Each structure stands twice: as C-alpha cells, then as structure tokens.
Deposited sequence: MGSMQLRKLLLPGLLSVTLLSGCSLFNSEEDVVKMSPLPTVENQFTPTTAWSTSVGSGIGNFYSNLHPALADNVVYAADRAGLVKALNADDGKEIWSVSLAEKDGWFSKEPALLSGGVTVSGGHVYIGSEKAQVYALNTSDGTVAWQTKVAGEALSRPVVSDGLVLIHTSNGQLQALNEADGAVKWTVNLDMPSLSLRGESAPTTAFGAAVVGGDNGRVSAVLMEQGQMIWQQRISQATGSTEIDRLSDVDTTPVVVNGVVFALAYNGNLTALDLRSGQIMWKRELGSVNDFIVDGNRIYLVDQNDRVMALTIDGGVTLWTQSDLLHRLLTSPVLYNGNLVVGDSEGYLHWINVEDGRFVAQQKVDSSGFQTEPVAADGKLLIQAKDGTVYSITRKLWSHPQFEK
C-alpha cells in the first residue's frame, strides 16, 4: 500500500528577506472551512473584519486589535442536542450595512453589520457557491446549477434569473460576476463568458473562450471597456465589452483569480506559475515557476508586491518588476486556500482552521 503523485510538489524555495514581516493579530474562527473546497474568506468595511466558518459561525473582529464586536451562529438547532450545519460557502461580502453569505443548502443570508441579526434570508435555485456580488441595489448570486439570480438588497426576493448551460463534469466553485455600465459579465462552467442586462436579464452576448476536457472562468475583470477572461485549461482572452469580439488571446488556463494594474496583468497559471502579461498583446514580462504544483492561492497586490499563500501555509512576497522572491513567512500549519484580502493598507488571510491572520511589515 503506497501512494504517489504524477507531478512532484516543488521544494520550498530559499530566499533572503529584505524586510521582516510580522503578524499583528491572529483570531480563531470555529474549525475554518475544514478540508473542503470553499470560497469563504474575510472582508473589510469601515475598520472591522467579518469572518465565517463552514460550520455556520460568523464573527466580527476589530481590524486593529482583534477584539470581538459580535458573534452569531447560523446553524439552526432543534433543541439542546441536535445541531445541523449551515454549510456556509459563499464568500463574505459587505455593502450598505449588510453581510451577505452564501450556503450549500441554496440559502443566502444577509446579516446586519450592527448586531448580527438576520435582516433577511432567501432560498435560491441551487448551492450558492459564488461570492454574493453587490451592485445597483441588487445582490448577484451564481448558484451551482448555472443559474445566475439577482436578489433584492432590501426585501430578499429573487428579482430575475438567467440560465447558463452546465456540462456533465465541471470544477467545484462558481464565477462571481463583475458589473460594469449596467451590465453583469459572468463566466459559466461551460467556457462561455456571457453579459446580461441587470434590468431584466436579457443576454446581451455570449462568447466561447475555451479550448473529457472541462473549463471554468472565475470572475472575468473589466477595465476601460475591455473584459479580461481566463478560462481553466483554456486561454486568457480580451473581449470587447460591447461586441464580444476577441481582441487577443493566449494559451494559458487557471481557476484562481488574477489582477490588472497599470499596463500589466499578474496571474497564477494552473500549474502555479506566477506570470505577468501585457494588456496590449499579452507578451510576457517575467515568470516565477519556482512554486510549481504548490497549490497557490489567488495573488493579492499588497504594497506593490504579490502575496500568495500555498498548501503548507507559507506566505510568499514576490516582486513585480522582474519576478524575484522578496520574502517568505511561515504563518499557519494547516495551509492557505482562500484568497487574501488587501484594503486600507491591511492584508488579511484566513487559513483552513479559520484563524484569521493580519499581516504587515
């Protein structure tokens, strides 16, 4: 009885820290997302950090000291003994004094930022696995059936639904639509980037950007009227926001998100190759293939450097200009899987144990 992997996990790189990172505080949330594949991560709004765990617990923490403001358990209990898990899997979002959290039971909760009381709770078509995007007074959810639904912020009733085709075999997780100029662009698990009007849900256009071969898009981004969409095992593409004509393409696929800054596109290939392409034509600037098959996380641009987690929990700071490691740190032993969040000069990351860590320098 023995087990082996087709691709050997890359060795931990050795680097000299130009700056010594630290850990301002580390609060613990119940059992984290465990070993499952979830999009659950913290969020920041007005100097407070909201976190959650797969069990159902939700916590609010001070972004400076880690002090607890309120806590609420969303697992309904039928007495003093029975306790059914809530299975939270939608990334925590905050907007206009609310905390929108998905679930694996096709439920969307909207807790109050004041005292944690449920403002509303809605039933959706399927497992609301995607981040509950918020825009134009609507909450966009991308269920696991391919159905993009738009709940109302105030009431909580499904305003409109749009059906996106689903394949036989797909990758766990869903794409969170990005809204621009009164239109939501979303990428289904069928390799199609589709734009939908918010008023009713009329499909403006739909383009295939793919290449038993599966694919997934995971949140195409928008800049200056061009939509950058990266399909798993497919090819990164730039589409016109209005017509959908492919402007340029490149053969590289991934599921974890990427980022665009100035005239550069930093992304993490599926084989864990942190690359930096150019918007104009996608001509590569540098590549950092030293973390091959380490199961990295979505990069975050903190203080002009890409921060990325990994399976062992090590947090790597890599530069942008050339692609040289700038530092590494050992934060947690369980490992990092959910994207880091950088905002207000604060970098936060949740491990698989639910221990929210705040990093600095």
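- Of the deposited sequence, the ranges 1-26, 238-245, 396-405 have no C-alpha coordinates according to the record.
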